[PDB]
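Beneath this line is the structure, given in structure tokens, with notes to follow.
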Amino acid sequence: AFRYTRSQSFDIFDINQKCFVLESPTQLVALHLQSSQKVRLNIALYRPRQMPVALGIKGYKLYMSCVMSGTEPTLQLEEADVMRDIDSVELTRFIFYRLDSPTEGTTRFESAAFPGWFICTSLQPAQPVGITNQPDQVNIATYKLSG
């Protein structure tokens with residue numbers, strides 16, 4: 001279903017200017033800086049065999065994925081090597097559609113495994129990054145990326 005093309009590194013902030021920080025090897029949180037380091041994203045751009053992407057945490061050998069946990073969709077970080085082919089339902093956990101609103105320069109990320117579910121941060125600082133089916137509704141699911 002998807003075939004790797006290339007990766008590009010981006011800075012990322014949510015629209016309330018929180019950045020991502022890798023709090024622990026399995027925990028990404030969003031906070032306001034100034035202290036510690038912001039995460040950059042290594043965005044792997046794919047082609048169906050829409051902007052399907054994988055979101056790598058630059059320098060830490062981790063990729064974001066969406067999986068069922070219990071009975072709830074859950075965003076988590078997994079150790080994964082760069083993936084050339086995403087050719088199963090299972091592997092689709094790593095794919096997100098990058099949805100750019102070009103004129104405003106903002107971006108949302110929608111899970112391919114869990115359509116309708118969007119990468120989101122809390123309105124409060126120092127919470128985990130998660131996913132929601134109510135994007136931008138008592139959460140922030142809109143970001144600004146810069147190369």
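Here's how to read the names in the structure tokens: chain A, B, ... by the order shown, residue numbers from 1 in each chain, ligand numbers from 1 in the order shown.
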
Name the residues in contact with region 93-104 of chain A at a cut-off of 6 Å, using only C-alpha atoms, excluding same-chain residues fewer than 5 positions from it; report them as a ChimeraX atom specification. /A:51-54,65-66,109-113

Please write the residues from the selection above to a file, keeping C-alpha atoms, as a PDB file, in the first residue's frame.
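Contents of the output file out.pdb:
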ATOM      1  CA  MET A  51       0.413  13.012   1.791  1.00  0.00           C
ATOM      2  CA  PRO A  52       0.993   9.807   3.685  1.00  0.00           C
ATOM      3  CA  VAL A  53       3.842  10.087   6.166  1.00  0.00           C
ATOM      4  CA  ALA A  54       5.626   8.428   9.015  1.00  0.00           C
ATOM      5  CA  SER A  65       2.077   4.897  15.851  1.00  0.00           C
ATOM      6  CA  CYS A  66      -1.550   4.519  16.616  1.00  0.00           C
ATOM      7  CA  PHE A 109      -1.943  14.746  11.219  1.00  0.00           C
ATOM      8  CA  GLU A 110      -4.679  12.139  10.736  1.00  0.00           C
ATOM      9  CA  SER A 111      -4.051   8.502  11.541  1.00  0.00           C
ATOM     10  CA  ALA A 112      -4.353   6.123   8.580  1.00  0.00           C
ATOM     11  CA  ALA A 113      -4.938   3.151  10.934  1.00  0.00           C
TER      12      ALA A 113
END

Write down as a PyMOL selection string the residues belonging to region 55-120 of chain A that are assigned strand (DSSP E or B) by DSSP computed on the backbone. chain A and resi 55-57+62-69+72-79+85-86+95-101+106-111+118-120

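Taking only C-alpha atoms, the non-local environment of region 7-12 of chain A within 7 Å (same-chain residues fewer than 5 positions away omitted) comprises residues 19, 40, 41, 42, 43, 44, 45, 143, 144, 145, 146 and 147 of chain A.
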
Nearest residue to residue 92 (chain A) from the set A:105, A:48, A:122, A:142 (distances using only C-alpha atoms):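 Once distances to residue 92 (chain A) are computed over only C-alpha atoms, the minimum belongs to A:48.
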
Hey, can you check how far CA of residue 38 (chain A) sits from CA of residue 91 (chain A)? 27.1 Å

Distance in Å - CA of residue 23 (chain A) versus CA of residue 141 (chain A):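 CA of residue 23 (chain A) sits 19.9 Å away from CA of residue 141 (chain A).
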
With only C-alpha atoms as the counted atoms, please give the residues lying no more than 7 Å from residue 4 (chain A), apart from itself and same-chain residues fewer than 2 positions off, as a PyMOL selection string. chain A and resi 2+6+44-47+84-85

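Counting only C-alpha atoms and comparing A:15, A:22, A:120, A:77, the residue that lies closest to residue 63 (chain A) is A:77.
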
What does the structure give for the distance between CA of residue 59 (chain A) and CA of residue 79 (chain A), in Å to one decimal?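 Atom-to-atom, CA of residue 59 (chain A) and CA of residue 79 (chain A) are spaced 11.7 Å apart.
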
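Minimum atom-to-atom distance to residue 62 (chain A), evaluated using only C-alpha atoms, belongs to A:27 out of A:27, A:37, A:137, A:5.
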
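The list of residues with at least one atom within 8 Å of residue 18 (chain A), based on only C-alpha atoms and without residues fewer than 5 positions apart in the same chain, reads residues 13, 30, 31, 32, 33 and 125 of chain A.
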
Next, the residues of the selection above should be written as a compact mmCIF listing (two decimals), in the first residue's frame with C-alpha atoms.
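Okay, out.txt is ready:
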# COMPACT_ATOMS: atom_id res chain seq x y z
CA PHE A 13 5.14 23.66 17.40
CA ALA A 30 4.12 19.04 24.84
CA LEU A 31 5.36 22.02 26.71
CA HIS A 32 6.31 25.69 26.56
CA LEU A 33 10.08 26.33 26.59
CA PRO A 125 1.39 22.03 29.46

Would you list the contacts of residue 67 (chain A) as a count of residues only, taking every protein, DNA or RNA residue within 9 Å and counting only C-alpha atoms, but skipping same-chain residues closer than 3 positions in sequence? 9
